[PDB]
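Presented below is the structure to which this report refers.
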Amino acid sequence: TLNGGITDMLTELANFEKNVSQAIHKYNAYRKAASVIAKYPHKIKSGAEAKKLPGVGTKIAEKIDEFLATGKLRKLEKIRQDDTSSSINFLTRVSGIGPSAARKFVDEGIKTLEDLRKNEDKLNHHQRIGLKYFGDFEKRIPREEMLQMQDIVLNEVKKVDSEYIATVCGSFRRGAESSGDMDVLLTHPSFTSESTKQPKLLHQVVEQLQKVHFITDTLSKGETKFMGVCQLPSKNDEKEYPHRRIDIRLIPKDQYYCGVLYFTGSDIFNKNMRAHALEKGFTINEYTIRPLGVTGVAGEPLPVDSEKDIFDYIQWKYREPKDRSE
DNA sequence: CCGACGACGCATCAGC
DNA sequence: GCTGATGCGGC
DNA sequence: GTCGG
Ligand SMILES: [Cl-]
Ligand SMILES: [Cl-]
Ligand SMILES: [Cl-]
Ligand SMILES: [Mg+2]
Ligand SMILES: [Mg+2]
Ligand code: NA
Ligand code: NA
Ligand code: NA
């Protein structure tokens, strides 16, 4: 955290642009600059030094100079004092409330946590669950609890069908000492890119986890993606664990490596790697890597038998998951 | 200067 | 009911 | 907001 003041300032600017300005490219620009600075191994002494990094331009260089001279950014100081901006930013912290819903609520006079509770009827299902667990979802998950959660999910999946394979991805797979949520990649031999030989493959797993009272709520659920809420069991007389967000993604079994690359992230790492793929003439999603033709149209999927195969196609040296936390 | 900026699943809505 | 656009979320 | 061409 050599440059934690700068990266915090850039992250706050990113959030302002996404949530208030609804300027998604500015949001991504600030996040990229924050990420490149976060891994820079020197204490930054000037904006000129920072501008040498890719994704830091003139405007962020000037802001870094102001921050270094004064410890503050007047632009952020004024945003912080604006009631409407501060309220919009706050409401987007609820899962299911984005920039559009947050501005609409603020325009209707709903701008605090009590305001939301009072106006529960104006919320959709996802937003209602996000409000119910607002406090819990703000908490990080210690890796020791992530290991307990992994044990439950893998064993309950095994009880449904021994041929499922469940892999915990996200920051957990990158080795993080704490996680914001639990990301589970799921495969089953009956679901490939060639055919689906069993229905309800994801449903059966979700239902088993609900039956043992691990999954407590559902935010959204389809044939291949579940987004919901779970909770570790606690012992007699012990305070309950916080409720936690859980995502489960069923991926065709023959596309596991593209899937686990996607679901390991980080999100900024994925954006950087997919952008590099484009520059190299490929496109990467969670299923395939495909070459681009002269017209720019994606061709047929290329053979992939490891995460490293994907790095090799785009001429990147392999990066272990722990070195992908951008 | 200017186009491009990763890719996509699920919920919700408009329009038919 | 469907299709397509949009919001929000995931990494 | 940044950048490659
Ligand atoms: Cl500040
Ligand atoms: Cl694959
Ligand atoms: Cl595909
Ligand atoms: Mg996660
Ligand atoms: Mg995340
Ligand atoms: Na730069
Ligand atoms: Na939100
Ligand atoms: Na997640």
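In what follows, every heavy atom counts, from backbone to side chain, and hydrogens, waters and symmetry copies are set aside. Just so it is clear: chains get the letters A, B, ... in the order the sequence lines come, proteins before strands, and each one is counted from 1.
Looking at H126(A) and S220(A), their side chains never bring a donor and an acceptor atom within 3.5 Å of each other. Using modelled atom types, one finds a donor on one side chain and an acceptor on the other under 3.5 Å when comparing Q208(A) with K211(A). There is no side-chain donor-acceptor pair under 3.5 Å between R324(A) and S266(A). Between the side chains of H243(A) and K132(A), no donor N or O sits under 3.5 Å from an acceptor N or O.
For DNA chain C, the residues of residues 211-227 of chain A within the heavy-atom distance limit of 4.0 Å (strictly under) are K225(A), sorted by number. Contact check of residues 171-207 of chain A against DNA chain C (heavy atom, cut-off under 4.0 Å) returns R174(A), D181(A), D183(A). Listed by residue number, the members of residues 54-76 of chain A with any heavy atom below 4.0 angstrom from DNA chain C form an empty set. Near DNA chain C, meaning a heavy atom under 4.0 Å from it, residues 255-263 of chain A has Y262(A), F263(A) in order of number. Taking a 4.0 Å limit (strictly below) on heavy-atom distances, residues 97-136 of chain A reaches DNA chain C at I97(A), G98(A), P99(A), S100(A), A101(A), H126(A).
None of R319(A), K271(A), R31(A), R174(A) except one satisfies the side-chain hydrogen bond (donor to acceptor under 3.5 Å, both in side chains) rule with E326(A); the exception is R319(A).
If you take CG of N28(A) and P of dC3(D), they are 15 Å apart, rounded to a whole angstrom.
Of all nucleotides in DNA chain C having an atom under 4.0 Å from a heavy atom of chain A, the first and last in 5' to 3' order are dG7(C) to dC11(C). Protein chain A contacts DNA chain B from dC5(B) to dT12(B), reading 5' to 3' and using non-hydrogen atoms of the protein with a distance under 4.0 Å.
Checked by atom type and distance alone, the side chain of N119(A) never pairs as donor or acceptor with a backbone atom of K122(A) at under 3.5 Å.
Stacking of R143(A) on the aromatic ring of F172(A) is recorded, both the 6.0 Å distance cut-off and the 45° axial limit being met.
Across the P atoms, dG4(D) and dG6(B) are found 15 Å apart, a figure rounded to whole Å. Comparing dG10(C) with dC5(B), their P atoms sit 24 Å apart, to the nearest whole Å.
Residues passing the side chain to side chain contact (heavy atoms under 4.5 Å, CB included) test with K72(A) are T70(A), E77(A), sequence neighbours excluded. Evaluation of the ring pair (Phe, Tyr, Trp, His ring centres under 6.0 Å) rule for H42(A) yields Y40(A) as partners, not counting sequence neighbours. Applying the salt bridge (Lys or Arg N to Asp or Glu O under 4.0 Å) test to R103(A) and every residue at least two apart in sequence or in another chain returns nothing.
A stem is defined here as three or more consecutive Watson-Crick or G-U pairs, each with both distances under 3.5 Å; for DNA chain B these stems are B:1-5 with D:1-5, B:8-16 with C:1-9.
Judged by the sign of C1'-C2'-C3'-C4', the furanose ring of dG1(D) adopts a south, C2'-endo-like conformation.
Grouped by direct or indirect side-chain proximity (heavy atoms under 4.5 Å, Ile/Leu/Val/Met/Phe/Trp/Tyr only), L219(A) sits with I129(A), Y133(A), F137(A), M227(A), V229(A).
Comparing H25(A) and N285(A) by the nucleotide of DNA chain B whose heavy atom lies nearest to each, the residue mapping closer to the 5' end is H25(A).
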